[PDB]
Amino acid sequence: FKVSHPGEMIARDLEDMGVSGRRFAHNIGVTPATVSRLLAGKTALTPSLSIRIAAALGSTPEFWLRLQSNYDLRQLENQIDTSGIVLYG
């Protein structure tokens, strides 16, 4: 059904702090268009965004980027067929 994207987690941290999407965008050096797209799931949490987010929300850049990597794998593992691929010895 409807799945959860890593933008929802950025949003809950901003709501808990009373920081709007427009100040958060200006803070990380990005226009508010991208933050709205990010938080809604329209676009992906790129590695460069995981670097600014890490400097604003206080975790490792790998942490925020991992959320997008797992999101991509959860989507693609249902789509890519691996029956024809041979495991080597």
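All residue numbers refer to positions in the sequence shown, first residue = 1. Each form is matched to the other, and the largest set of C-alpha atoms that superpose within 1.5 Å is called the rigid core.
Root mean square Cα distance to the shown form, taken over structures and residues in 5 other deposited structures of this protein after a core fit, is higher for 1 to 9 when 1 to 9 and 78 to 86 are compared. Superposing on the core and measuring CA offsets in 5 other deposited structures of this protein, the stretch of 69 to 77 and 16 to 24 with the greater mean deviation is 69 to 77. Higher mean CA B-factor, judged across 66 to 74 and 11 to 19 from the recorded values: 11 to 19. Per-stretch averaging of Cα B factors for 35 to 43 and 56 to 64 places 56 to 64 on top.
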